[PDB]
Structure formats: C-alpha cells, structure tokens
Amino acid sequence: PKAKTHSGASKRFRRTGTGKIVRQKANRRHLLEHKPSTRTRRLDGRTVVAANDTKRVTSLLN
Amino acid sequence: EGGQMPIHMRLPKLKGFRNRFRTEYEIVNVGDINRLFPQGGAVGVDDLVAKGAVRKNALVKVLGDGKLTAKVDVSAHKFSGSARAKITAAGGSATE
Amino acid sequence: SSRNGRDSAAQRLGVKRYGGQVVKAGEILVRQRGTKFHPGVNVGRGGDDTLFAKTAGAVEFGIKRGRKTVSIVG
Amino acid sequence: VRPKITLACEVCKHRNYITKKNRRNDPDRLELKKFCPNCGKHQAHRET
RNA sequence: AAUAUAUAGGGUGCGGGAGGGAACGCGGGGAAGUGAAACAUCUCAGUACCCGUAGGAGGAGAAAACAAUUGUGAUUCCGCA
RNA sequence: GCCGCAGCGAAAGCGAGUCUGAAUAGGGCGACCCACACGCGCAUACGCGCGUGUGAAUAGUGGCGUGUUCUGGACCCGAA
RNA sequence: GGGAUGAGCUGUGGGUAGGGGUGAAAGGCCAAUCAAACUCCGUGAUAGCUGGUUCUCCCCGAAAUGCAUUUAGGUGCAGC
RNA sequence: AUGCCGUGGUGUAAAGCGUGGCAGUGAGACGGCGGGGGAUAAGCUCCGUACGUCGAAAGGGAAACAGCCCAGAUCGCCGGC
RNA sequence: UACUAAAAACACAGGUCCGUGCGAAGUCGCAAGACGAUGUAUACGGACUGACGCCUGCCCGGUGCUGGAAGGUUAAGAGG
RNA sequence: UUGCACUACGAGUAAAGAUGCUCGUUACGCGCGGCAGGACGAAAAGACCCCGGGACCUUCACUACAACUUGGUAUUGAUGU
RNA sequence: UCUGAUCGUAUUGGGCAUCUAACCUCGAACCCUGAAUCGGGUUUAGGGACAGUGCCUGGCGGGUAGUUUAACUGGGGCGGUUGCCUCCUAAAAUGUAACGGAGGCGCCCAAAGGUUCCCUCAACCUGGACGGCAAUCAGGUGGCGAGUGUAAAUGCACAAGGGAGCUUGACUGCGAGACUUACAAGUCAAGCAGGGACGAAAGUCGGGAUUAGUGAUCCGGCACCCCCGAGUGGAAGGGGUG
Ligand SMILES: *C(=O)[C@H](CCSC)NC=O
Ligand SMILES: [Mg+2]
Ligand SMILES: [Mg+2]
Ligand SMILES: [Mg+2]
Ligand SMILES: [Mg+2]
Ligand SMILES: [Mg+2]
Ligand SMILES: [Mg+2]
Ligand SMILES: [Mg+2]
Ligand SMILES: [Mg+2]
Ligand SMILES: [Mg+2]
Ligand SMILES: [Mg+2]
Ligand SMILES: [Mg+2]
Ligand SMILES: [Mg+2]
Ligand SMILES: [Mg+2]
Ligand SMILES: [Mg+2]
Ligand SMILES: [Mg+2]
Ligand SMILES: [Mg+2]
Ligand SMILES: [Mg+2]
Ligand SMILES: [Mg+2]
Ligand SMILES: [Mg+2]
Ligand SMILES: [Mg+2]
Ligand SMILES: [Mg+2]
Ligand SMILES: [Mg+2]
Ligand SMILES: [Mg+2]
Ligand SMILES: [Mg+2]
Ligand SMILES: [Mg+2]
Ligand SMILES: [Mg+2]
Ligand SMILES: [Mg+2]
Ligand SMILES: [Mg+2]
Ligand SMILES: [Mg+2]
Ligand SMILES: [Mg+2]
Ligand SMILES: [Mg+2]
Ligand SMILES: [Mg+2]
Ligand SMILES: [Mg+2]
Ligand SMILES: [Mg+2]
Ligand SMILES: [Mg+2]
Ligand SMILES: [Mg+2]
Ligand SMILES: [Mg+2]
Ligand SMILES: [Mg+2]
Ligand SMILES: [Mg+2]
Ligand SMILES: [Mg+2]
Ligand SMILES: [Mg+2]
Ligand SMILES: [Mg+2]
Ligand SMILES: [Mg+2]
Ligand SMILES: [Mg+2]
Ligand SMILES: [Mg+2]
Ligand SMILES: [Mg+2]
Ligand SMILES: [Mg+2]
Ligand SMILES: [Mg+2]
Ligand SMILES: [Mg+2]
Ligand SMILES: [Mg+2]
Ligand SMILES: [Mg+2]
Ligand SMILES: [Mg+2]
Ligand SMILES: [Mg+2]
Ligand SMILES: [Mg+2]
Ligand SMILES: [Mg+2]
Ligand SMILES: [Mg+2]
Ligand SMILES: [Mg+2]
Ligand SMILES: [Mg+2]
Ligand SMILES: [Mg+2]
Ligand SMILES: [Mg+2]
Ligand SMILES: [Mg+2]
Ligand SMILES: [Mg+2]
Ligand SMILES: [Mg+2]
Ligand SMILES: [Mg+2]
Ligand SMILES: [Mg+2]
Ligand SMILES: [Mg+2]
Ligand SMILES: [Mg+2]
Ligand SMILES: [Mg+2]
Ligand SMILES: [Mg+2]
Ligand SMILES: [Mg+2]
Ligand SMILES: [Zn+2]
C-alpha cells in the first residue's frame, strides 16, 4: 500500500525553500504575566529543528 | 521516545489556517522571455507552454528577474510591478 | 528513615574566558553570584552579575583598590 | 490575595498590560501612566 | 357455526412452495483477541460469524444531480486527484 | 497525472523578494560565480556597479541493483 | 472397619448445558481435564520474556556512562 | 603539586571537526590511588581518576589460579637476544 | 472434597424474623407460557439459629429496611 | 536415562562444595552378588519469593447495561363541578 | 383607558367526581368441536381512559460486564521519598552517586520598583527627671563583628545598608554576540528607533544585591486587529496579536 504520514508532525513542522525544517517554540500559550518581554521575544517566531532530532522528524513528515 | 512526551506533542502547532480558495500562479521570469524569445513577438500563454517555461492549463504570472532587451508583446494573467517596467522599457506592451 | 536527600541543579558558574584569550563583543566572561569579580574597562555587569564583554579584544585581570577586576584591551 | 489585574487604557480602552497588586493593601483600582501602542504615546491606565 | 345480514370454518377441483450447491451479490443483526507500551472514547471492523433472499451475474440507473456565473447532462466500473 | 521549474506570509496578497514593524531600523526565511583581462564617475592597491566573454559550474527525472524503513503473520518457534 | 427396613441400595427409560446446570455446600461435579467443559473458527491471538537463526575470508572495532521515562532486565536522543 | 582554559614554537601518517548511510551498547568485574554509607567489617556498597587489565587478549611468570607482574599472536623455521 | 482432608464441617427436627390476598411473593424466559400448586396465611418463598433444659441484658447515633410529606434541592415536557 | 570415557583418594585451587586443574599419595586386567556416601543422582522450563501477563473473587475504586421505578406524550374518549 | 377590585361570556390548561365506547379480565356460558383445562369468535358479568406497551426523561442499580490499582527500595511488603532553590560530601576549572550530612520554596512589596542627591552601623565606655542591663539625649571610642522582606552561599562600608524629593522603564518595536545544553527548555546581553521618568548635565532605567516563589502540548475562554467567509452580499465558524 501507500505510505501514510503522521498527522501530528505535519501540523508542527514544515519545510523552507532549501530543505530546512522549522517549528515553533514552547512556553508561550498561557501563564504570561510573570514572563518578561525578554522571554516572550526569545520564544517568538520560528527556529530550525536541531541536528539531533532531524532524522526522526524527517521520517515523520515523509 | 520511551515514555516522555514526544517531539510531535511537546511543540505547539504551526499557526494559522489554509485558504481553501487560494488561487495559485505558475511563474515565468522576464529574463526567461529574453532567452527563449530573442527576437520578441507575440508571447501568449500557449507559446510559453510549448517552449518549456510554464505548465499546462494553469494561470500564468510574469515576474521580473533578469534583463529584457528583446521587444516582446506579452499576454498573460496578472503581471507584476517590476515586470511591467522592464517590458515597456524595451518598447513592448503587457495586456491581461 | 531520613529527612535529607534533596539538592538543586548545578548552575555552571565560573570563569568562562581566561586571561589573554581573545573574545568577541558580547561574550560572557565570568558567570557568578554577586561580585566576586568586578567589571572594568569595556566590561559591563549584567543582571545576575554575569560580566559580559562590550568590545572585542583580549581579557586581562588585575587589581583596582582591593576589588579584583576584569578588563578588555581593545 | 495577589490577583492578576489588567490595565485598560483611558482613551482607546485597549488592554495593554497585565500585572499583580495586593487586594488588601490596595483596595482601589491602580492608576499608572503607561505607553499605549495604539495611541503611540503615554496615556493613563486604570484597571478593569 | 354461535346468529339474524354474514364471517370464522369445512367440502371439492386446478396450479405453486419445501431441500441441496465451492465462490461471487444484495438487505438485516454483529464480536473479541489486537493496536493504543496500561485503558473505557477510538482502533481491530462493519472484519469473523450468523439471519433472510436471489441471479447467471447482482446492485445502481433516466436528476427534487453537480457546478459557480461560463458550463456538464442516467448508472456502474478502472486510473488519477 | 506526478516530480522539477521561485520564494515569502496565518492569510489577503506581494513576488528576487517577502514577513514583522511607525521605520530607506534590525532581524527571520529566500535569492545572488567578480578563478577572469577589459570598458565605468573606480584607483596609493585590492574593489563598486554593468557590459564584453577568457565561454566559468549548477540539474533534475525515469528504470534496474543494494542498505535501512512503512503497512501486512513480516526472521522462526512458545503461553496462561 | 461403617451402614445394612431406610433421608436405603439398584436396573431400565427420561429431564436440566457453559457465566449455564446441579449441589445434605467440598469451589464439589458436569465423559481419566473444571476459580467457568470440550471441539471448530477469529488465528500464523499477543508476549518489554526465555529459546533458536545454517558457507568462507580480508580491513577497522565498541559499550555496560550521561539525560528523560507508568521508567529501573525496556526504550528515545547524546556519548563511544 | 597536579589538573584545566588560551596562545607562540617544535615534534607526530592512519589525530580532530562538519554533514549523510548502517549500528551495537545503556546488568559491568577486580586491582592502584582519593572519598562517602558500614563497626574507618566484607570477594560488601556508592561516586572520582587522558589510571590499568579482563570484558573482547592468546603467550611467559605467580604450584593450580578471568581482573596481579611481563608482553599485545599475519604465516613458516630442529637459528639468535 | 470420584483420585492425599469424613471432621468439631453441611444437613437435621425444633426456633424466631421478614416477604406473600392469589394466573400470590419468588424463580426460569425478550414474550407467550411454566413451576410455585391442581396449594390459599395452621399455606408458600427467603434469612439466620440448630434436639432438649434454664435463659436470651443495654444501644436506633452510623448503615440498611419500613412508614411519612411541612420545607429545601431536583429531569424531560409545557412556556418563549 | 544418555556431551564424552582405559570415570581413584587426600590437601589445595576455581563461579567460593572437583573423577577431569596443581602438588602428592594409592591402585594387576575382567566379571558376579550385595550396601546406598557422591556423581550438586533421575523425575516435573520451582508450587515458595520476586518481576511481567492472565483468570476468577470483593466493595461506600471507576465507567457502563439488564431488572425494578418516576414523570410527560402517543394509544385516549364524553359530561358535570 | 392607566392602577386596583369584582361580575359575566367565550376559548383554553391543571384538580376532583361520574359515565362507557377504546382498552383490560386465567370471571361465566355457547360455537368452531367429531375427540380439546389450548387458541379463536359471539354473548354476558365486571374493571376503565386507569393499567399495560412504544418514544423521551430523572432515579436506583457488584444483579452483571469491561478495566485500573505508579516507581525508587542493599529481596518484596511496612515506613519514607519524587519538582525547584543554597551549602558540604565533590579529590583548589566545570560536572559527579547513595534510603549520605544540614536547611529553604509553591511567596511578598504600588514601594521594599525607577532616578537624583545626602548619611554611616553594631557593640562597649562616661554624664542625664521618671528610666531599670537595654526606650529618647549629649560626648568619646569603633573599618565592619550591624544590616539585607524571606534558607544558605557568594557579595555589599565606593555601599547593594539608613533617610528624603519627584515619579511608573514592574515600557512598545527589536537584538550583534554568548553561556548552558541529548532534545524540550533555561539564562545573559552591548547597541538602534519610538514615546517617557529623574538629572544642570554626564547619564541611568525592559522590576527587586544575585540565584527559588513554578507546569509542556491539547482543548477552551475573553479583549482587540478586520486576514478567510463552501454560488453572491452578509453571517455562523475559523485565523492572528495580547
Ligand atoms: C517455604 O519454605 C515453603 C516450602 C517451599 S519448599 C522450599 N513454601 C510453601 O509451602
Ligand atoms: Mg493564544
Ligand atoms: Mg507580556
Ligand atoms: Mg522539606
Ligand atoms: Mg549546588
Ligand atoms: Mg500603600
Ligand atoms: Mg431455496
Ligand atoms: Mg476491545
Ligand atoms: Mg493495548
Ligand atoms: Mg504490549
Ligand atoms: Mg437461474
Ligand atoms: Mg438488476
Ligand atoms: Mg508556503
Ligand atoms: Mg532582508
Ligand atoms: Mg463389615
Ligand atoms: Mg460397631
Ligand atoms: Mg450392622
Ligand atoms: Mg439420557
Ligand atoms: Mg472429570
Ligand atoms: Mg472466563
Ligand atoms: Mg484478526
Ligand atoms: Mg509469536
Ligand atoms: Mg586492530
Ligand atoms: Mg509518565
Ligand atoms: Mg542509540
Ligand atoms: Mg557517522
Ligand atoms: Mg536502563
Ligand atoms: Mg546502569
Ligand atoms: Mg560503576
Ligand atoms: Mg579505596
Ligand atoms: Mg563488588
Ligand atoms: Mg557481554
Ligand atoms: Mg592472559
Ligand atoms: Mg585493550
Ligand atoms: Mg596467564
Ligand atoms: Mg602454567
Ligand atoms: Mg479425597
Ligand atoms: Mg410474578
Ligand atoms: Mg408472617
Ligand atoms: Mg434476619
Ligand atoms: Mg451454626
Ligand atoms: Mg429450619
Ligand atoms: Mg432514626
Ligand atoms: Mg579402579
Ligand atoms: Mg577434593
Ligand atoms: Mg585431583
Ligand atoms: Mg586430563
Ligand atoms: Mg556390581
Ligand atoms: Mg541425593
Ligand atoms: Mg536433581
Ligand atoms: Mg522458571
Ligand atoms: Mg449499595
Ligand atoms: Mg467485577
Ligand atoms: Mg481488552
Ligand atoms: Mg517495585
Ligand atoms: Mg527493603
Ligand atoms: Mg568543583
Ligand atoms: Mg577536581
Ligand atoms: Mg525610592
Ligand atoms: Mg538604598
Ligand atoms: Mg510584570
Ligand atoms: Mg537574537
Ligand atoms: Mg530615547
Ligand atoms: Mg527636564
Ligand atoms: Mg538598557
Ligand atoms: Mg530579575
Ligand atoms: Mg530575593
Ligand atoms: Mg492529549
Ligand atoms: Mg457565502
Ligand atoms: Mg467572528
Ligand atoms: Mg509581535
Ligand atoms: Zn490608548
């Protein structure tokens, strides 16, 4: 049969134009009063999946 | 991962929705109009398919990366902003 | 039975760049609690007394009236 | 005893900031001059 | 017939049904082991099994259909999407 | 029909750019050969931008082998 | 050794069926098997557990540590 | 004292680092040295050690004797140290 | 307790309590139907005690079971 | 039942209880009849303990269903007050 | 014809009582029936819009069914413990185990924050109405033995300790470069622009001397921005940013 992909990893990861894999950062959905703006700006945006998780994340997206 | 909450449940979901009604545009640069059509002429949506620069049965869109020195008369959907500037500088026109 | 057994994490304090070592601008030099070292030329303190670098150069240590200091020779 | 109050503006009523006060030392609503990004300048802020 | 109109019932005469068959079809009832590193939602699966009923095939089939300002024009089936 | 051919953005959309933002500020992601004389407002010298090339090095996709992997009993044997 | 005219023993024929029967009650008995029979089917049930896995040679060659874990004889990632 | 971090020399093939394919291991053992728990008991237990050997290392020595001492087996020889 | 336990264990005649007014209560069945019983509270089903003799004290707060409905709380339907 | 076989004993040693290793000491080769100290004798992939799985049993563990039970509406109507 | 009262008619509900015709009867008789303690039909004697049953709905429910019931542990159970912060063990970088040794935390502060200026403490000694070892005063001596909202360590007298003035930076948009790190996270940050506070200026300010005072994802809630809007215009829903 045909290879299914993981519905959780497709909603948490995506690919850029050169094949990098990006994600969003945690600790930002709630409990935001005591977190200063130096912390919510560090946790804002996207970063690249680290080089030690890039093999399991690639074989969940595909 | 052995019992801890995995990498596909620790991280938050990517934000947003997907537009169900999104209209895509296949893409030709204006520097490929120069190389494929070095003498210019009528450049339609059908002549860009056969010369191998855009796909079949899709809405086209002419963008503006390159150097256009040919005098072309290009007909396509949804021209760009820097593309109309380079086509009319070479004496051409750009209709929808 | 015992009432002991809990400790905290290790905070990895100490001198992170030694003397003569060429640093970049912004590098954390001496992470610590309190002012065990004091900031000198081209070294700013930091919130938890972290003693970073303000300009690229070489770290050198010295004494400035009893308080031992970290400086950067540009 | 220290709830989380939120500070609404006095011109646009946007809820720009969130912080904590003591309910029994400060029974009334706090008033601070804080920067409002909609107005682009420092306005007044009561609580809600 | 009881009982009156009559019916239930009984007499007689011609047709028909019944049960079997390896698979396939349609309609109805419907598991658990299992997977979820436990488990109940969920999965396994409308699977296994059972019930009714066929035919040489069966079911569906002639728009109270899609589509999106143009249009396609009964159903089934195979390939994509 | 699929993969390649342009990316960025939650999206509208814009497009060698784009998102954020008050910003011709900074970042994110993406694009971009100066090994090359020459010509240019270059010059104590390397460069800057653009031509001319000396004609620089990209590239994918389909098949068939192999190593792992996915769904199936999935290396084989065994419960209560 | 106990009962031996009794709540006796016995023959022939019959009835009760599997979360059910029957039991002067022992979880006893239901075809030498019973804290839920037997046979076929789901079915090649599953097992973080034990056992096994077959011809040759040449080069290099570990680990038994860290962190997380309904985790501690298992596993993910790093270390080698 | 050592150890550690940077730097300038000199030496050294099979060192290092970045990125891909396939792993195994995650029960360790005794001995030297520094310690905790134990009675400064254990072939006990739990840590440190660019420390060693076994694990996965045959040979010579310690009578025998995984872990101590010497030394790391490509093959052949009725040579030598 | 067939096949390591025959007993002080079960049964028992007698006792008390509770249920049952009659296609009864109870049980077997989705139901029809059946047993109870071709019986009718001196009868039938359940629970505990266990011949006989003398006796069987105090406690209704807790948890049941039976009766009650003044008050509070409380579903679908109606209202909209 | 069975890896072998021209299968001694002592003091040692070793995975800490040796026919099989060290150093000794003892013993001609093969049968037959007896005794049961050893071969950690045979028989049963320990019933105890522990770790993982199962079954069945209990309740004021959780979540469900049958049985019993309450109300509305349908079957279901008429007239007084 | 508004507020309140009372009377009457009509149309609708809820009580109670009566009726019979639905429905009910294992009360009785008769026929099908030759043989019938079955069944059905006719008639009669009763019950009666109740009961029973369908659908919806609360209750009750070990009668029955599926399951769960953690780990570390000098065997297991019993007792204790599990995350965070500081010290010692820890062998003069960093890190390091044990059911090894001691202690803290699940907050507090609208000033105990920001800034500008000013001051030096504790203890001891001498004199003084109530007044004592010790309240407030005065003078000598005193370089840190006091103090730090809160445990410990490292800091702090240049003060980060004490006091006063004005205040909200307990900011919005960012961030070159680092620490730590399996990963998830954690932590520090020069400097640039906006609009501000204090200061004559220089400058300092993205809470508190520093390190504890906390909880990933999912699913939701609210405020605002007006991005998508299942033919179209809206809306429902979804999306972003706090
Ligand atoms: C315990 O010793 C006992 C005997 C086991 S046989 C060594 N357990 C159960 O009977
Ligand atoms: Mg949110
Ligand atoms: Mg915030
Ligand atoms: Mg405590
Ligand atoms: Mg510490
Ligand atoms: Mg106050
Ligand atoms: Mg037939
Ligand atoms: Mg199941
Ligand atoms: Mg499972
Ligand atoms: Mg499993
Ligand atoms: Mg036929
Ligand atoms: Mg047909
Ligand atoms: Mg995209
Ligand atoms: Mg840019
Ligand atoms: Mg006899
Ligand atoms: Mg006798
Ligand atoms: Mg006798
Ligand atoms: Mg029989
Ligand atoms: Mg038997
Ligand atoms: Mg069973
Ligand atoms: Mg199956
Ligand atoms: Mg198997
Ligand atoms: Mg080698
Ligand atoms: Mg867990
Ligand atoms: Mg691994
Ligand atoms: Mg590699
Ligand atoms: Mg392990
Ligand atoms: Mg281990
Ligand atoms: Mg070890
Ligand atoms: Mg030692
Ligand atoms: Mg040991
Ligand atoms: Mg091994
Ligand atoms: Mg050796
Ligand atoms: Mg070696
Ligand atoms: Mg040797
Ligand atoms: Mg030897
Ligand atoms: Mg017996
Ligand atoms: Mg009954
Ligand atoms: Mg009675
Ligand atoms: Mg009783
Ligand atoms: Mg008794
Ligand atoms: Mg009795
Ligand atoms: Mg009472
Ligand atoms: Mg002999
Ligand atoms: Mg011996
Ligand atoms: Mg010997
Ligand atoms: Mg020998
Ligand atoms: Mg003999
Ligand atoms: Mg024996
Ligand atoms: Mg034996
Ligand atoms: Mg065993
Ligand atoms: Mg109960
Ligand atoms: Mg149960
Ligand atoms: Mg199950
Ligand atoms: Mg345990
Ligand atoms: Mg113990
Ligand atoms: Mg240290
Ligand atoms: Mg050390
Ligand atoms: Mg102040
Ligand atoms: Mg102060
Ligand atoms: Mg705050
Ligand atoms: Mg940054
Ligand atoms: Mg400014
Ligand atoms: Mg001013
Ligand atoms: Mg600043
Ligand atoms: Mg802070
Ligand atoms: Mg503090
Ligand atoms: Mg979840
Ligand atoms: Mg619409
Ligand atoms: Mg909306
Ligand atoms: Mg933002
Ligand atoms: Zn405002």
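Atoms considered below: every heavy atom in the structure, side chains included; atoms not considered: hydrogens, waters and symmetry mates. Here is how names work: the chains are called A, B, and so on, in the same order as the sequence lines, proteins then strands, and each is numbered from 1.
- Between C:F61 and C:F37, the ring centre distance stays below 6.0 Å.
- Annotation for C:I72 and C:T55: closest pair CG2-O, 3.6 Å, computed over non-hydrogen atoms.
- The distance from atom CZ of C:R3 to atom P of K:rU81 is 5 Å, rounded to the nearest whole Å.
- A glycosidic torsion no more than 90° from 0 defines the syn conformation, and F:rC14 adopts it.
- B:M5 comes within 4.0 angstrom of a base, heavy atoms only.
- Residue D:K4 qualifies as open at atom NZ: its count of foreign heavy atoms under 6.0 Å is 12 or below.
- Residue-level contact check: C:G46 touches the backbone only, with heavy atoms under 4.0 Å from sugar-phosphate atoms and none from bases.
- The side chain of A:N52 sits closest to G:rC77 out of K:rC179, K:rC171, G:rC77.
- With respect to D:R46 and D:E10, a salt bridge is recorded, a charged nitrogen being found less than 4.0 Å from a carboxylate O.
- For B:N57, the CG atom sits in a loose shell: 12 or fewer heavy atoms of surrounding residues, nucleotides or ligands are nearer than 6.0 Å.
- Each side chain to side chain donor-acceptor pair (under 3.5 Å) pair with one or both residues in residues 21-39 of chain C, not counting sequence neighbours, appears once here: C:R17-C:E27, C:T35-C:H38, C:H38-C:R67.
- Ion pair A:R41/A:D44 not flagged as a salt bridge, since none of the NZ, NE, NH1 or NH2 atoms sits closer than 4.0 Å to an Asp/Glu carboxylate oxygen.
- The distance between atom CZ of A:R42 and atom P of K:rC179, rounded to the nearest whole Å, is 16 Å.
- For the segment residues 47-72 of chain B, no residue has any heavy atom less than 4.0 angstrom from an atom of RNA chain K.
- In the region residues 65-74 of chain C, proximity to RNA chain K at under 4.0 angstrom, judged on heavy atoms, holds for C:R65, C:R67.
- As judged by a 4.0 angstrom heavy-atom cut-off over every strand, B:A83 is placed among residues making no nucleic acid contact.
- K:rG83 and K:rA98 have their P atoms separated by 11 Å, with the value rounded to a whole Å.
- Taken as a pair, K:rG221 and K:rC171 do not qualify under the rule of Watson-Crick (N1-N3 plus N6-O4 or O6-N4) or G-U wobble (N1-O2 and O6-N3), both under 3.5 Å.
- The side chain of A:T16 has F:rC8 as its nearest neighbour among F:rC8, K:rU168, K:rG101.
- Nearest nucleotide to the side chain of B:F17, out of F:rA11, K:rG95, F:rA6: F:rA11.
- Under the Watson-Crick or G-U wobble criterion, with both distances below 3.5 Å, E:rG9 has no partner in any strand shown.
- Base orientation at H:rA15 is syn, since its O4'-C1' glycosidic dihedral falls within 90° of 0.
- Across all strands shown, B:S82 has heavy atoms under 4.0 Å from sugar-phosphate atoms exclusively, and none from any base.
- Distance, B:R20 CZ to F:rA12 P: 14 Å, rounded to whole Å.
- Geometry at K:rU204 and K:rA197 meets the Watson-Crick or G-U wobble definition, both required distances lying under 3.5 Å.
- With both distances under 3.5 Å, I:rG46 pairs with I:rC17 in Watson-Crick or G-U wobble fashion.
- Taking the syn range as angles within 90° of 0, the glycosidic angle of I:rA6 is outside it, so the base is anti.
- Between B:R10 and B:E1 there is a salt bridge, since a side-chain N of the basic residue sits under 4.0 Å from a carboxylate O of the acidic one.
- Screening residues 20-40 of chain D for side chain to side chain donor-acceptor pair (under 3.5 Å) gives no qualifying pairs among residues at least two apart or on separate chains.
- Between D:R2 atom CZ and K:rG149 atom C1' the separation is 12 Å, expressed in whole Å.
- Using modelled atom types, one finds no donor on one side chain facing an acceptor on the other under 3.5 Å when comparing A:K55 with A:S59.
- Base orientation at F:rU44 is syn, since its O4'-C1' glycosidic dihedral falls within 90° of 0.
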Under the rule of Watson-Crick or G-U wobble with both distances under 3.5 Å, where | means paired to another strand and [ ] a crossing pair, RNA chain J maps to ...((...[[[.......)).]]]....................................|.|||..||.|||||....||
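- K:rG46: glycosidic angle beyond 90° from 0, hence anti.
- Using a 4.0 Å heavy-atom cutoff across all strands shown, C:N4 reaches at least one base atom of the nucleic acid.
- Only D:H14, D:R15, D:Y17, D:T19, D:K20, D:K21, D:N22, listed by number, bring a heavy atom of residues 12-22 of chain D to less than 4.0 angstrom from any atom of RNA chain K.
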